[PDB]
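Participant: A structural model of the following input is requested.
(chains A, B, C, D, E, F, G, H and I, ligands or ions: 18)
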Amino acid sequence: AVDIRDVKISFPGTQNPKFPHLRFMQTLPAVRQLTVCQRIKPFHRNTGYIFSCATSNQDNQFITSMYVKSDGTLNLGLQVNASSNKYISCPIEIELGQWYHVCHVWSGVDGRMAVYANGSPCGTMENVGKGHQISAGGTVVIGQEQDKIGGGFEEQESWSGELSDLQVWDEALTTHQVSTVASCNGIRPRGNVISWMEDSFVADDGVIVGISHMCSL
Amino acid sequence: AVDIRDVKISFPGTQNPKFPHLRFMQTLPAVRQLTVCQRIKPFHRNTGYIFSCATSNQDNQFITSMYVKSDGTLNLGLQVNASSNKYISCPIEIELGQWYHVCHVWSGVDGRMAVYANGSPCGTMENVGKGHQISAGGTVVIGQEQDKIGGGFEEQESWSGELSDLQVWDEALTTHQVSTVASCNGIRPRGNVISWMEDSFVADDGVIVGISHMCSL
Amino acid sequence: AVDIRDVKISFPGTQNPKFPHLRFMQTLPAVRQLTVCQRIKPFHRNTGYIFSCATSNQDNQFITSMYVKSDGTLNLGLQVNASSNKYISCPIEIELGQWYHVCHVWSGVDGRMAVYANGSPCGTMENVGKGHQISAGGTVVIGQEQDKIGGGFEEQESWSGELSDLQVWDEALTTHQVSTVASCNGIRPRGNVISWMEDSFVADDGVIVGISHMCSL
Amino acid sequence: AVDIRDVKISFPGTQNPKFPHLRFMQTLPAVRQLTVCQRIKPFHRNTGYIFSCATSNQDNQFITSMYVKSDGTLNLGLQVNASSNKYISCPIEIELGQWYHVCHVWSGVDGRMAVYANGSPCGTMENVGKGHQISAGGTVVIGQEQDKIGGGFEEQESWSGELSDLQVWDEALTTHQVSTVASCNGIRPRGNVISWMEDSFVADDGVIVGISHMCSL
Amino acid sequence: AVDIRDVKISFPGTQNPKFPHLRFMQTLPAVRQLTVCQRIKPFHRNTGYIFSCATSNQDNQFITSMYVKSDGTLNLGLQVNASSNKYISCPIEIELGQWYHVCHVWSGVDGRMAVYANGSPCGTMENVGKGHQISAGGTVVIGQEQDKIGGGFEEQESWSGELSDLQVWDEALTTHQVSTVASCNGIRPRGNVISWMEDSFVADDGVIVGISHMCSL
Amino acid sequence: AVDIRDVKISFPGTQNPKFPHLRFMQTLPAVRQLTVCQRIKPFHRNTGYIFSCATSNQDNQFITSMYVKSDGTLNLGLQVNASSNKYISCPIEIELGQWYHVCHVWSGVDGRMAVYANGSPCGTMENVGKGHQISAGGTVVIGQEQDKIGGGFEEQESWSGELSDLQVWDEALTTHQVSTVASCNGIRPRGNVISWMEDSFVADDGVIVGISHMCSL
Amino acid sequence: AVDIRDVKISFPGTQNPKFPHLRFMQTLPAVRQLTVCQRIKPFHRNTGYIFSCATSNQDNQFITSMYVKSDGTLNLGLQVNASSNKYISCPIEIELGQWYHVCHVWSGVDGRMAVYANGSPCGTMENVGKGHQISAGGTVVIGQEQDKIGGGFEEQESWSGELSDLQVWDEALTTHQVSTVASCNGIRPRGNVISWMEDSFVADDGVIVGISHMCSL
Amino acid sequence: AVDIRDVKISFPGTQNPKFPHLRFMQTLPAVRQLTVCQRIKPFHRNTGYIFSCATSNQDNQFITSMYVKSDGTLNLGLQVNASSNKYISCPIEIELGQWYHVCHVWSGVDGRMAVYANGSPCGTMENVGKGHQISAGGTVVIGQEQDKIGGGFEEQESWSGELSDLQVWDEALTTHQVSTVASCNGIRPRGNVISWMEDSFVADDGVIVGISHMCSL
Amino acid sequence: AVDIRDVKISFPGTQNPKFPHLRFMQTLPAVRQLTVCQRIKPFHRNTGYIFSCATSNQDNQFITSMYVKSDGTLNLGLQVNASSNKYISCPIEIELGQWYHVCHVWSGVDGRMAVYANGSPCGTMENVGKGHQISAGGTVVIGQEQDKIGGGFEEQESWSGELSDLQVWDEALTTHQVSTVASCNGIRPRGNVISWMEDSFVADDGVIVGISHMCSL
Ligand SMILES: [Ca+2]
Ligand SMILES: [Ca+2]
Ligand SMILES: [Ca+2]
Ligand SMILES: [Ca+2]
Ligand SMILES: [Ca+2]
Ligand SMILES: [Ca+2]
Ligand SMILES: [Ca+2]
Ligand SMILES: [Ca+2]
Ligand SMILES: [Ca+2]
Ligand SMILES: [Ca+2]
Ligand SMILES: [Ca+2]
Ligand SMILES: [Ca+2]
Ligand SMILES: [Ca+2]
Ligand SMILES: [Ca+2]
Ligand SMILES: [Ca+2]
Ligand SMILES: [Ca+2]
Ligand SMILES: [Ca+2]
Ligand SMILES: [Ca+2]
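Facilitator: Numbers count the residues shown, from 1 in each chain, chains lettered A, B, ... in the order given. Ligands and ions are numbered 1, 2, ... in the order given. And now the structure:
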């Protein structure tokens, strides 16, 4: 009946010392490219970090984030190897509490960054982590921004809302491929690095496990 | 590929002030009967409480527990409306770290208690909560014993190990029905009160979300 | 998913002035024979009337009842045209709170009465309403005994428990046919006089609408 | 043959001390969003409350209602956390005694309210329960307006007519999803909070259980 | 081979003391709406009553009739609670001896009357039995007009011809639903109040039982 | 759903001037053999004539009958060309009100008579209408014995009970063929002379049209 | 392989005392309407009678005939109750030796006559046997005109050619229905009064039994 | 529905000058072997000739016949090229009016004759038309014995009864093959010389065309 | 793999005393119409007779022939009852050595002749054997013209080439039917008089048996 890809996690809200988050048990391998796709229902307009990857020597190896502009426009950001946050605007009005499919595509081979909203390209940006290779052993945390491996969280950088169908590949997916990932009734692909609910993660500080009805009612 | 019924939660180990546990978001309705079935992989021989249900006036409405005797024999216990713990031994040697299907069947209509290990009856006991009806609004916690709604946990009463496929019905399932519930390749029924991964729950204090390989490799 | 034949009604318990019951909206046609089959989960051992049919001139046209003997043996009774209650014992131990399929077969053509438990014949009795034809316009009430059309209920004659799959035919089904009616995975026949959930009925005094798990979990 | 989703309940008419209604046995979990969809056949033009949710400290947590304007236009109302009733008109002429699919979509995350008639959007309204989260333990009553948990009904606020296929989700369904819910020959989705005939409810004061022929004859 | 819905009854012709007719064995439940559909082959142009429903205190609860105007136009009439006969003309030329599908839709909730010929709407009429509810226990006679329960027939009000596929619902079917009922190769729906050949009836005064070839040759 | 072969006719009881019966519209062709099979539920033990065939010059061309002996044994009789009634006893105890399949096989070619109960041979008799050929134009009446074409009925020769699946062939079916006719879940053959519900017949004096549940519930 | 509906009979030619013909063994029931359809291959242009029905008091109850006009146009005639022959011309050129589907539709209810050639309407005629009902017991002869039951044939009124697929109904088929009867690859319907090769008939005076290749080669 | 192989012909009885018979339109080719199989229902015990083949110079080329001995035993005869009749008795009691499958196998190559009853071998005979080859142009008549091509019939040599499924091969079928021919539910083979209803024949002197119910009811 | 309908016979060339030909073993029945269709590959332009039918008193009962005009145009001829050869030109250029489907349609009923090339009509001719009926017993020879039964061949009238799929019916097929016969991928019909390779024939004077690749390679 209910597919495992539709399981969702709710990140209630953050307030020191409570930081709802997930931390994947297995560290990532070294990667030269990364595509992070997932379904999200944001609870606030201000900036929040969703996917955070940190190594012993670099707490900011790869970090995705978002925020909603005053006009309701979605802004997707990416930070690689402690670079400044690179933002790309998406031509879609965000209604807090509604579901959206978001994907960040990064390639250190050519330094190209691209983001997608609901399976459609929002635009690209050059010189983002160009020539950079994320060293092996990266620890992934969801919902909080790491300043130390698995910790050093800050409430102003947390992301509250609901998340599901997190899929990560160590390749830079094409525009066409991202649309096949977003499709609710599509093949619903599984990442080779992280496949939602197939790669163990620690749940802490009151996250809520439930079901997402973005695709199936 | 992977069925949502095979999702598992690991309860690492308890040590104040850390109490890994789950708390279901929705309270239970009033019930005169209850059957709690689930797959478990115990980490220790000493007594631990698995399913704990509490109301404002009675923190001990319904509590399941287990422990392994010196000879390796499984003992399943039940406590209803603050009664003493009633234990029924099962003719099966327990190996910590291995999977077992356990089910507790309770009927307040006739006061009969029955427990099952791997789909087979271990025995029954009379006068357990006879004539008792669990009042509406019971809060369910997994892995810890409540002394207060959603809290008042005690390390000596915690249960560590892995749990999956939790199914709860507000009826007293028959011996034959329990065997159809336990079967790995059977129909894998879903409880009408609580259906694993279909009824939201809060995850806290470091529980680990993963996949159970008791049934499917 | 869930079949309408598995919908159940719970009759909580009776205490003046509260009499949980059902009353069918349409009166029955004249009949010379009647077979009443249904799934029941009794809450008490003392006598209770399940199916009650009354006309303006005869509040006791056809009434089914049951009670459990001291040894746990099931006793099924029938009363036709204000006759005395005729009881036939069934070779099955009743556990209050458990499901059982019960059927009463009556034929006014030859005056024969026969009852069945879980699809098996318990025995027969002669001279029960022999030559009697239930006059047209009978009102059917479930869970209470009528002393007046749709009323005049008495607490000591009420039946508490859960009921489901009520099927009524204006024929006297054979022993073989009743076994095909009882089978949980059988064709699950629908009565031509009353078909569960296909013939409207008034629900009153706190009956609970839910699902029966006697057949499907 | 007949699907459980087509079972209907008739609310005859209210007159103190008789208040036909349904009360769900299980209280709701805490929610920040809610979508209530159902098929209704109204018996009167004046205002009536259909879905009423109340907690110990707030009898008016969430209440749906409707009324027909002088020109026959349908007006759908919603009240959250004791706010005033917010009404949105639907471009459809109502004929008392005819079936219509109605749905109320509420999101406390952004405070947006939206209503649908026969699967089509009627319009939206801002600032309805914005930032409000319905506290856990809400009791749901159908057909009457609660002034106390499960009671305190008032004849002038009751709703008479026929109701079927009640489905409730703790999410704010999109315009497209509501159309898939309304379709008679569609997938006929089941709510995750309340699924018609899958979540027990008490029937009282003469409600009539029957079959709806809005979709299947 | 031959479906039961195609069985037909021929009403030869009436002449005191012979009144060919059918009388259903079971009385109807109370209804606030009624839809009567059937296939008919009229033998005469003058007015004849087809469906007659009577209670102890009202011999004219619900009566359908028809007649052919001078120009061959079909006129369908309805009388509710002893009101005057309300007629609606149908844009179809009637050839005595030919088959036609006729349906009468009545709603006491809004007092709306609508008739259909061969699955197409002929028109509607307001204020027909508005607010009227047919009391329970109505006796249905086909082919004759009752002035007394099951009798008091009058030759000048009888209807001669062939009739088949009589289906009655206690709801006011929509225009679209009536077209699905009329279709010869459609689903051929069965009424919930009266389903042709599934609800017993007395045949008297020389009616002829045969097969209708309106739909299948 | 319901097959036309399961339609049944009830012959309530006879009392001058009321003689419930059926009369086939079409006369039979000349035949030198005849097999009459049907399902019957007898209401009385005394002799009654079921199938009566008469021509202008011979009201007793072919007549079937039955009666139950004191010990409950079934006796099947046949009369051809005004011969005396020939009876053959069947090894089966008859319970009034129960269904039985009965068939009469007659061959004027060799003058052999054979009867069957529930598809099994009861025995045979020689010299019954040997060399006799039923002249063309025979009128068939069911439930009454003709002393004149379509009339001259006598209450003491009437047959009361329920009848269904009447099949007549102008051949003398073999013992094996009769068993294939009786089988409830068999091919359910249709006679070439008279096929139940496919050959028109007049219904008179209050016969009741309904459904037989001998084979399908 | 070969369907029974394609069996054909050849009427060689008539010359006293030889009159090739068929005579149905069973007489017809009383009818107020009649539709006679069949496939024919005419051997001559002059008038010939195909279907002849006679009763003791009326040798000309119903008679069909045809003839080819000088320009090759087909003329179909009908005579009812000894009326004069009514002819309707068909817009089709007849080639002796070729197959054609012909059907005569008659309704005594309204006195309308209609004929069809190859499934298409040729026209209609009023006042043909209006109000007339063919009395029961009509004997049918094919290929000759009866002046006496089964005889009194006249060579100048005989019809020579090949005939197949004779289907007769006691209803007045519609224009659309006749087209479905004529279609060679259609459902090939069977009449309820006479079904080709399913209703026995005497063959006499040298008719030839063979196969028709009008539809299947 | 009805297969052409089940069409039957009835030979009523012979009485000069009336000789019911069939004569095949096409003469046979020269053959050195012949197998004649068919289903028959005999009307008399005395000798009758069924299949008669004659050429200009030999009216007795091949003739089959039968008769029933005093003890009811079937005797099958064959005559080839004016030889004396050769009889082989079959171990089966014949009941006039019942169906039997009979087959005659002849081989002029070795002069062997073999007959079968109901698919079983009755025995063989040597020196029957040994070395004889039936000359080309043989005319086949059924039911009468030819003394001249297509005529010269004699009442005392006629065969009365019913016949169906006549199949003729110009080969000497084996014992096993004859059993596959006789089987009612088998492949029902068609002869290469004469295939029932596929080879034209003249019907004369009152034969009756109908349907055989030996195999299908 | 290879269908019997594609078997071909090659007629090498004729030179006294060698006359390659085929002679069918069985003579034809009497016919009033005849259609002869077959596939041919001609080896010469001069006239040749393909199908020759002769009786004792008429060696020229029915004869088909062809020849190619100077411009390459195909001419098809027919002779009936010793009439002169009637020729109809076909709008197709013939290439000796190539395959063509040819069919001759003759009707003695109206005296019409029609020929077809490759399934298309070439034209018709009147007064060809009008009123003539080919007497029974005709012997068919292929490839030579008979002046005596099965002989009297003349080299100047022989036909050389390849022939296959010879199909003969005793009916006059329509234009449409001939097109369905010619189609290589069609149903490939089989004549009822002569079916290629299903009706035995003598092969003599060096004909060559092989396979035709006109339709299947
Ligand atoms: Ca950081
Ligand atoms: Ca930080
Ligand atoms: Ca506690
Ligand atoms: Ca504790
Ligand atoms: Ca009483
Ligand atoms: Ca009482
Ligand atoms: Ca309130
Ligand atoms: Ca209130
Ligand atoms: Ca009246
Ligand atoms: Ca009146
Ligand atoms: Ca008599
Ligand atoms: Ca009598
Ligand atoms: Ca005449
Ligand atoms: Ca005449
Ligand atoms: Ca002879
Ligand atoms: Ca002779
Ligand atoms: Ca010649
Ligand atoms: Ca020559």
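Participant: for residue A:156, helix, strand, or coil?
Facilitator: helix (DSSP: H, G, I helix; E, B strand; the rest coil).
Participant: run a quick neighbour tally on it.
Facilitator: Using other Cβ atoms under 10 Å in any protein chain shown, residue A:156 has 9 other residues around it. In short, each C-beta sits where N, CA and C put it, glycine included.
Participant: again with residue A:155
Facilitator: When neighbours are defined as other Cβ under 10 Å, residue A:155 has 13 of them.
Participant: quick check: closest non-adjacent residue to it.
Facilitator: Spatial nearest neighbour of residue A:155, chain neighbours left out: residue A:14 (4.7 Å); criterion: Cβ to Cβ, 6 or more residues apart in numbering or on different chains.
Participant: for whichever residue of chain A sits closest to ligand 5, give its distance to chain D.
Facilitator: Relative to ligand 5, the nearest point of chain A is residue A:1 (47.4 Å; Cβ to the ion). To chain D, residue A:1 is 10 Å away according to Cβ to the nearest Cβ, to the nearest Å.
Participant: swap in residue A:199?
Facilitator: According to Cβ to the nearest Cβ, residue A:199 and chain D sit 25 Å apart.
Participant: okay, and the beta partners of the nearest residue to that residue once chain neighbours are set aside?
Facilitator: With sequence-adjacent residues excluded and distances taken as Cβ to Cβ, 6+ apart, residue A:199 is closest to residue A:24, at 6.0 Å. Counting by DSSP bridges, residue A:24 forms beta bridges with residue A:201.
Participant: residue A:24 contacts residue A:138, doesn't it?
Facilitator: No. Applying Cβ atoms under 8 Å, one finds residue A:24 not in contact with residue A:138, separated by 9.5 Å.
Participant: still on that earlier bit, residues contacting the residue of chain A closest to ligand 5?
Facilitator: B:4, B:190 (Cβ atoms under 8 Å, 6 or more residues apart in numbering or on different chains).
Participant: ok, back up a step: what sits against the residue nearest to residue A:199?
Facilitator: A:139, A:140, A:141, A:194, A:199, A:200, A:201, A:202.
Participant: tell me the one of those residues nearest ligand 4?
Facilitator: Distances from ligand 4 to the contacts of residue A:24, taken by Cβ to the ion, are shortest for residue A:202, at 25.4 Å.
Participant: burial of that closest one, as a residue count?
Facilitator: Summarising burial for residue A:202: neighbours were counted as other Cβ under 10 Å, giving 22.
Participant: can you give me the helices in chain A?
Facilitator: Ranges of helices within chain A are A:175-182, based on DSSP state H.
Participant: ligand 2 contacts on that one?
Facilitator: Counting by Cβ under 5 Å from the ion, chain A comes close to ligand 2 at A:145, A:147, A:154.
Participant: which other residues reach stretch A:111-130?
Facilitator: By Cβ under 8 Å, 6+ apart, the surrounding residues in contact with stretch A:111-130 are A:37, A:74, A:76, A:78, A:80-81, A:83, A:86, A:88-92, A:100-108, A:110, A:131-132, A:172, A:175, A:178-179, A:181-183.
Participant: try 7 Å this time
Facilitator: Residues outside stretch A:111-130 that contact it (Cβ atoms under 7 Å, 6 or more residues apart in numbering or on different chains): A:74, A:76, A:78, A:80-81, A:83, A:86, A:88-92, A:100-106, A:108, A:110, A:131, A:175, A:178-179, A:182-183.
Participant: can you give me the end-to-end span of it?
Facilitator: Counting by Cα to Cα, to the nearest Å, you get 4 Å between the two ends of stretch A:111-130.
Participant: now do the end-to-end distance for stretch A:144-153.
Facilitator: End-to-end span of stretch A:144-153 (Cα to Cα): 6 Å.
Participant: can you tell me which residues contact the most centrally placed residue in chain A?
Facilitator: Per Cα atoms, centre = their mean, the C-alpha nearest to the average position across chain A is that of residue A:51, at 4.0 Å. Contacts for residue A:51 (Cβ under 7 Å, 6+ apart) come out as A:36, A:63, A:64, A:140, A:142.
Participant: can you put these in a markdown table and add distance to residue I:30?
Facilitator: Converted to a markdown table, these look like this (distance: Cβ to Cβ, whole Å):
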| residue | distance to residue I:30 |
| --- | --- |
| A:36 | 90 |
| A:63 | 100 |
| A:64 | 95 |
| A:140 | 96 |
| A:142 | 95 |
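Participant: what's in contact with stretch A:57-76?
Facilitator: Contacts with stretch A:57-76, where a contact means Cβ under 7 Å, 6+ apart, come from A:34, A:36, A:42, A:45-55, A:77-82, A:85, A:87-90, A:92-94, A:102, A:104, A:115, A:117, A:122, A:134, A:138, A:145-148.
Participant: which bits of chain A sit near ligand 17?
Facilitator: On the criterion Cβ under 5 Å from the ion, ligand 17 has no neighbours in chain A.
Participant: can you find the residue of chain A that comes nearest to chain G?
Facilitator: Closest residue of chain A to chain G, Cβ to the nearest Cβ: residue A:185 (40.2 Å).
Participant: for that residue, the count of nearby residues, please.
Facilitator: Residue A:185: 7 surrounding residues under other Cβ under 10 Å.
Participant: how close does residue A:106 sit to ligand 7?
Facilitator: According to Cβ to the ion, to the nearest Å, residue A:106 stands 54 Å off from ligand 7.
Participant: excluding chain neighbours, give the residue nearest to that residue in space.
Facilitator: Per Cβ to Cβ, 6+ apart, closest to residue A:106 is residue A:34, 5.1 Å.
Participant: so residue A:4 touches residue B:2, yeah?
Facilitator: Yes. Counting by Cβ atoms under 7 Å, residue A:4 touches residue B:2, with 5.1 Å between them.
Participant: what residues are shared contacts of the two?
Facilitator: Common contact partners of residue A:4 and residue B:2 (Cβ under 7 Å, 6+ apart): residue A:197.
Participant: more crowded one of those two?
Facilitator: Between residue A:4 and residue B:2, counting by other Cβ under 10 Å, residue A:4 is the more crowded of the two (20 against 17).
Participant: next, the contact list for that one, please.
Facilitator: A:197, B:2, B:3, B:4, B:7.
Participant: give me that answer again for 8 Å
Facilitator: Residues in contact with residue A:4 (Cβ under 8 Å, 6+ apart) are A:196, A:197, A:198, B:2, B:3, B:4, B:7.
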